[PDB]
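The structure under discussion appears below in the form of structure tokens.
Derivation of every value follows stated rules applied to the coordinates shown; laboratory data play no part. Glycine also receives a Cβ, built like all others from the backbone with ideal geometry; neighbour counts cover every protein chain displayed.
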Ligand SMILES: Nc1nc2c([nH]c(=O)n2[C@H]2C[C@H](O)[C@@H](COP(=O)(O)OP(=O)(O)OP(=O)(O)O)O2)c(=O)[nH]1
Ligand SMILES: OC[C@H]1O[C@@](CO)(O[C@H]2O[C@H](CO)[C@@H](O)[C@H](O)[C@H]2O)[C@@H](O)[C@@H]1O
Ligand SMILES: [Mn+2]
Ligand SMILES: [Mn+2]
Ligand SMILES: [Mn+2]
């Protein structure tokens, strides 16, 4: 079965809002809300991957970020390891740089059912901050 390492960024502003995008209708986890991120490539580290993926997907460079959670999740047709980085400082203003919907969402209002099921413990832990 396909095995992937994924790095994602939890982009949190000073008003306790998170920058959330929505996945394409033809993607794995189609139409789900998501933290921006993507596949860790050969020859790059998880830290380098979350920087690159946020630059590509939402046009910011995360800096002075921390590992919030690392977990593994078995989907019906693939196994992924997710690296959730908490990003509270960055250069740039996040936007839908790849044409995808993105918007700021209050942390308290996040509904884990809107995200891939792999995110459930992370969304819960975020609400405990
Ligand atoms: N980006 C992201 N992916 C997540 C989250 N939760 C979760 O289970 N996933 C899963 C969905 C996908 O199987 C995988 C993410 O891969 P991706 O489709 O974002 O990869 P990518 O951006 O490198 O893909 P692409 O540029 O090649 O289209 O991890 C999340 O919060 N953010
Ligand atoms: O692994 C993240 C962890 O490392 C620290 C230093 O102890 O931060 C370093 O790593 C981050 C990710 O690459 C950098 O953004 C940061 O600038 C660097 O100091 C911790 O702050 C963090 O929890
Ligand atoms: Mn991507
Ligand atoms: Mn990618
Ligand atoms: Mn992605």
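In segment 51-76, what residues are more than 16 Å from ligand 4 (Cβ to nearest atom), buried (at least 18 other Cβ atoms within 10 Å of the Cβ) and in a strand (DSSP E or B)?
Across segment 51-76, the qualifying residue is only 68.
Restricting to segment 95-120, give me the number of residues that are free of Cβ contacts under 8 Å to residues at least 60 places away in the same chain, under 17 Å from residue 12 (Cβ atoms) and surrounded by 12 or more Cβ atoms within 10 Å (Cβ to Cβ).
Total satisfying the criteria: 2.
Between 34, 69, which is more than 10 Å from ligand 5 (Cβ to nearest atom), touching a strand residue (DSSP E or B) at 6+ places or on another chain (Cβ under 8 Å) and within 24 Å of residue 108 (Cβ to Cβ)?
It is 69.
Would you call residue 19 touching a residue at least 12 places away in the same chain (Cβ under 8 Å), within 14 Å of ligand 5 (Cβ to nearest atom) and over 19 Å from residue 117 (Cβ atoms)?
Numbers: touching a residue at least 12 places away in the same chain (Cβ under 8 Å): yes; within 14 Å of ligand 5 (Cβ to nearest atom): yes; over 19 Å from residue 117 (Cβ atoms): yes.
In short, yes.
Before we move on, is residue 99 on the phi > 0 side of the Ramachandran plot, more than 14 Å from the chain's Cα centre (by Cα) and not in a strand (DSSP E or B)? Steps first, answer last, please.
Values: on the phi > 0 side of the Ramachandran plot: yes; more than 14 Å from the chain's Cα centre (by Cα): yes; not in a strand (DSSP E or B): yes.
Yes: the conditions hold for residue 99.
Residue 42: touching a residue at least 12 places away in the same chain (Cβ under 8 Å), in a loop (DSSP other than H, G, I, E, B) and either out of contact with any strand residue (DSSP E or B) (no Cβ under 7 Å at 6 or more places or on another chain) or more than 16 Å from residue 110 (Cβ to Cβ) (or both), yes or no?
On the way: touching a residue at least 12 places away in the same chain (Cβ under 8 Å): no; in a loop (DSSP other than H, G, I, E, B): yes; either out of contact with any strand residue (DSSP E or B) (no Cβ under 7 Å at 6 or more places or on another chain) or more than 16 Å from residue 110 (Cβ to Cβ) (or both): yes.
Considered against the rule, which asks whether it is touching a residue at least 12 places away in the same chain (Cβ under 8 Å), in a loop (DSSP other than H, G, I, E, B) and either out of contact with any strand residue (DSSP E or B) (no Cβ under 7 Å at 6 or more places or on another chain) or more than 16 Å from residue 110 (Cβ to Cβ) (or both), residue 42 comes out as no.
Hey, can you tell me all the residues within segment 77-94 that are part of a loop (DSSP other than H, G, I, E, B) and surrounded by 15 or more Cβ atoms within 10 Å (Cβ to Cβ)?
94
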